[PDB]
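Both counts, for ligands and for their atoms, begin at 1 and track the order of listing. We number each residue from 1, following the sequence as shown. Computed from heavy atoms alone, side chains included, the values below leave out hydrogens, waters and symmetry copies.
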Amino acid sequence: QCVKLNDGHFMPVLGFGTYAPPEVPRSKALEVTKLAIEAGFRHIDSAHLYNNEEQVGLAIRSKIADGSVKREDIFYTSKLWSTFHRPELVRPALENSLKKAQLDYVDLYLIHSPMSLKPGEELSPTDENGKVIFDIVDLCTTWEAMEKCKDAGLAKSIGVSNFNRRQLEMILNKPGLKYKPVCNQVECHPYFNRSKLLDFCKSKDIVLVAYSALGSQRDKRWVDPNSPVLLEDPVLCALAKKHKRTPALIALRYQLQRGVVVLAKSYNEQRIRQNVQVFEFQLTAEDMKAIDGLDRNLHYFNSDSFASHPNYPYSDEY
Ligand SMILES: NC(=O)c1ccc[n+]([C@@H]2O[C@H](COP(=O)([O-])OP(=O)(O)OC[C@H]3O[C@@H](n4cnc5c(N)ncnc54)[C@H](OP(=O)(O)O)[C@@H]3O)[C@@H](O)[C@H]2O)c1
Ligand SMILES: C[C@]12CC/C(=N/O)C=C1CC[C@@H]1[C@@H]2CC[C@@]2(C)[C@H]1CC[C@@]2(O)Cc1ccccn1
Ligand code: NA
Ligand code: NA
Ligand code: NA
Ligand code: NA
Ligand code: NA
């Protein structure tokens, strides 16, 4: 179950989310990425920022060498981190990810975020008060360096993440554009369903890829503990009982039926195997309408640090 991207490549519509907080041992990413592949995940979502490409790569190499899958059956995503937006930094950043993952190419390379940061050793470069230092980079120059990565065969497809409509339009209207972004990977779940941005992406043949589709890991440093807990939503819970599924499976199936490509992070063997059950059942039109009604424009991730960035994607909300 794949979608045709606007460059003619194919993306599986269910993806495995590999981010775990830093407190989780790096060994787990190797263990659960192999379990995800065993359960039937073929789209694997990673990034420089996640500090796991060595382990995710090794799980992929392992399941190819064990005869479970071939390289072409796996759809591997990496992401260019915000310290590597300056165009001369882009290709060495991809080559560094390919070296860590020990893959020859990624299926998909994203601009992780439009919010450029100062280059350096540090992935979060901070001043004396822990205030992050921003960089002013025309992301069209970043996009041209991504396009060269595709021409070099190092990335099959290129796309973006955390972009709003205005920032997508900046790439779509770039003079001499060669490659449209195949996708925009954004926060998307029933409390933030991104219906308008979804329609916009559909009209431009850009796939919306949902992250935090199960309501995020609710890490204290990023997510207000007072925020409503998606998987305890009474409507999701009532729909789970109706279908004899789980709230997680309702939330994933919602995304599939609205033409969204959905990620699902789990480090738990039972839940990893449960999540592939999304292909096994259907929501009614009335079920879809009830989930649509849960929308509240709630982004789980907040940063007053990034709120002030010129490229803050939520920047003109109020
Ligand atoms: N582009 C970006 O800026 C960005 C940002 C954030 C994330 N991402 C990507 O998107 C992925 C997923 O988003 P996320 O990390 O926020 O997590 P998520 O997919 O919203 O999942 C949140 C939590 O749901 C639990 N869960 C999973 N399956 C379940 C099931 N069947 N029943 C009950 N609970 C279940 C997991 O806990 P257990 O592990 O205990 O099962 C997980 O911690 C990330 O891993 C990452 O790859 C991208
Ligand atoms: C650390 C983090 C939260 C936990 C997690 N769970 O899977 C995964 C990640 C990795 C990506 C991070 C994210 C936090 C927010 C980051 C840093 C983002 C990238 C770019 C972004 O600035 C996007 C943004 C969004 C909302 C408000 C302000 N900024
Ligand atoms: Na991410
Ligand atoms: Na515009
Ligand atoms: Na929050
Ligand atoms: Na906002
Ligand atoms: Na404002």
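- Classification of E169 and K204 as a salt-bridged pair fails, no side-chain N sitting under 4.0 Å from a carboxylate O.
- For the residue pair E53/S97, the side-chain donor-acceptor check at 3.5 Å is satisfied.
- Of the protein's heavy atoms, at least one falls inside 4.0 Å of atom 5 (C) of ligand 2.
- Contact annotation: for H112 versus ligand 2, heavy atoms closer than 4.0 Å belong to the side chain alone.
- Using a 4.0 Å cut-off between charged nitrogen and carboxylate oxygen, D205 and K180 do not count as a salt-bridge pair.
- A salt bridge between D287 and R253 is absent, with no side-chain N of the basic residue lying under 4.0 Å from a carboxylate O of the acidic one.
- Looking at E317, its N, O or S atom nearest to the Na ion (ligand 6) turns out to be OE2.
- Closest to atom 19 (C) of ligand 2, if we only count protein heavy atoms, is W81 CZ3, 3.8 Å.
- Distance from atom 20 (C) of ligand 2 to its nearest protein heavy atom, with residue and atom name: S113 CB, 3.8 Å.
- Ring orientation note: the planes of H309 and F134 are tilted relative to one another, at an angle of 30° to 60°.
- Scanning the protein for heavy atoms near atom 7 (O) of ligand 2, the closest one is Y19 CD2, 3.4 Å.
- Distance from atom 17 (C) of ligand 2 to its nearest protein heavy atom, with residue and atom name: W222 CH2, 4.1 Å.
- Proximity to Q217 (heavy-atom distance under 4.0 Å) selects the following atoms of ligand 2: 7 (O).
- Closest non-hydrogen pair, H9 versus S157, comes out as CD2-OG, 3.4 Å.
- Counting only heavy atoms, the protein gets under 4.0 Å from atom 26 (C) of ligand 2.
- Remark: ligand 2 atoms within the under-4.0 Å shell around heavy atoms of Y50 are 10 (C).
- The protein atom (non-hydrogen) at minimum distance from atom 3 (C) of ligand 2 is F301 CE2, 3.6 Å.
- Taking the charged nitrogens against the carboxylate oxygens, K148 and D151 have no contact shorter than 4.0 Å, which rules out a salt bridge.
- The nearest protein atom to atom 12 (C) of ligand 2, hydrogens excluded, is given as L49 CD2, 4.1 Å; this is a heavy-atom distance.
- When the N, O or S atoms of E169 are ranked by distance to the Na ion (ligand 4), OE1 comes first.
- The protein non-hydrogen atom at the shortest distance from atom 24 (C) of ligand 2 is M115 CE, 4.1 Å.
- Using a 4.0 Å cut-off between a side-chain N of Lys or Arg and a carboxylate O of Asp or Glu, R221 and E23 qualify as a salt bridge.
- When each of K150, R71, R42 is tested with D107 by the rule salt bridge (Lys or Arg N to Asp or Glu O under 4.0 Å), just one qualifies, namely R71.
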